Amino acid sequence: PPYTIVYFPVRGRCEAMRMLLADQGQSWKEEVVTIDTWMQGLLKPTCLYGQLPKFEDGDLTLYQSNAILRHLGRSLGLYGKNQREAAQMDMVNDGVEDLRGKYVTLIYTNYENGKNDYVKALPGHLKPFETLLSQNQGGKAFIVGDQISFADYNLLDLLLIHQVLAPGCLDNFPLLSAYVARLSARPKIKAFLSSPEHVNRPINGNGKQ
């Protein structure tokens, strides 16, 4: 510490880590970068890959949203209790990323014509997560193990944004519906989901949701 998040004035690839820090009683400094500030002309600070977000933990600067999640997962003890749980948590997080990549592609490159085809193929992509829950204590606890991990926060966010995209996409998935209701019920998270800084902030950076 201290923690600092540099990103656009949207949820996107930072709402997951913002939920993690908030649930673990942590506090961070929000540093906004408008699209005007980003793209305008000759301006280049030191963006490794040229994109955002950028995280700062004490005197450690990091890039890549998932690399940041795994960092907080190691330092804050949210990466399982053994090798098996660690590997399974990566397998799950990667699956979440694959679907998140598709969602981003839809919103930014083919929202109008692709929406119908996306929502139609969606139940096929959400099914694996449903299967994972049943295999672990009947989906009573978390995606992997007994305690909450970084994978749970990323998965929760993926499902929350898909409920806005497709209103009843979880109806055919009992476990996933209860899983979202359960994790949202947690006092720390609930406070965040009902916070002005979260509500007033749009999901994506183009008005499409």
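Each residue number is its position in the shown sequence, starting from 1.
Student: Please compare 65-73 with 175-183 and say which has the higher mean C-alpha temperature factor in the record.
Tutor: Between 175-183 and 65-73, it is 175-183 that shows the higher mean C-alpha B-factor.
Student: Test of understanding: from the entry's C-alpha B-factors, which stretch has the higher mean, 14-22 or 192-200?
Tutor: Per the deposited B-factors, the answer is 192-200.
Student: Highest CA temperature factor in the entry: which of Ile161, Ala141, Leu42, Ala151?
Tutor: Answer for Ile161, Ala141, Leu42, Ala151: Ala141, with the highest C-alpha B-factor.
Student: When the CA B-factors of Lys81, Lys102, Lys127, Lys115 are compared as recorded in the entry, which is the largest?
Tutor: Result of the comparison over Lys81, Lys102, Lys127, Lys115: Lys81.
Student: Quick check on the deposited entry: does the C-alpha B-factor of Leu170 sit in the lowest, middle or highest third of its chain?
Tutor: Highest third of the chain for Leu170's C-alpha B-factor.
Student: Once the chain's modelled residues are ordered by C-alpha B factor and cut into thirds, is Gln135 in the lowest, middle or highest one?
Tutor: Top third by C-alpha B-factor.
Student: Taking the C-alpha B-factors as the PDB entry records them, is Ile35 in the lowest, middle or highest third of its chain?
Tutor: CA B-factor rank for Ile35: highest third.
Student: Grab the CA temperature factor for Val119 from the record and place it in the lowest, middle or highest third of its chain.
Tutor: Lowest third of the chain for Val119's C-alpha B-factor.
Student: Based on the entry's values, in what third of the chain does the Cα temperature factor of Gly207 lie: lowest, middle or highest?
Tutor: Its C-alpha B-factor, which the entry lists for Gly207, ranks in the highest third among residues of this chain.
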